[PDB]
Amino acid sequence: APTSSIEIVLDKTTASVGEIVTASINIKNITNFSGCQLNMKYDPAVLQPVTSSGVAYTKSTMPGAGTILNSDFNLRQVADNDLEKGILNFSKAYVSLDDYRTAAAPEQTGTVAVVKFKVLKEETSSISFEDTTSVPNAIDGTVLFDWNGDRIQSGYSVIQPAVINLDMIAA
């Protein structure tokens, strides 16, 4: 596997109508990682995002908590989703960067966000980050920041696509 990466990891390989699929956004060895802005695309005819309580996402809904970016260094969380098109766009980053650097234990590896999806149809369907004109410096729909607030411009693999029911592929 690549030394440094971001990947959308699914808890399931296959799913029937009515099941929940959990997508974990996992980073690995991102030097001095302090936050991200991610543009994720799914097929809204096949999957429906819901919160941990089961509530359908709205425009401002953030993904669920993972295993990192859960510390109180004044986390900034902003979402701007398009549920009609199947786009989740969210920013999640520590603001208290002086305190974060001082702690000297950067969260370089872990799950930054979790998205739970209701499976609406049993068919092959993918989830991937994708570029968007609203976020021009994205690398395959991903922007990762270090703990100086600087964009990490290279060196990590965007591992894609995540696919449910690949065994049913039409192509």
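Counting begins at 1, following the sequence as shown.
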{"item": "37 to 45 or 126 to 134, whichever carries the higher mean Cα B-factor", "value": "126 to 134"}
{"item": "28 to 36 versus 136 to 144 - which carries the larger mean C-alpha B factor in the record", "value": "136 to 144"}
{"item": "Among modelled residues of the same chain, the CA temperature factor third for residue 104", "value": "highest"}
{"item": "Ranked against its chain, the third holding the CA B-factor of residue 65", "value": "middle"}
{"item": "B-factor third for the C-alpha atom of residue 150 within its chain", "value": "highest"}
{"item": "Residue 162, C-alpha B-factor rank within chain (lowest, middle or highest third)", "value": "highest"}
{"item": "Where the record places residue 3 (Cα B-factor, split into thirds across the chain)", "value": "highest"}
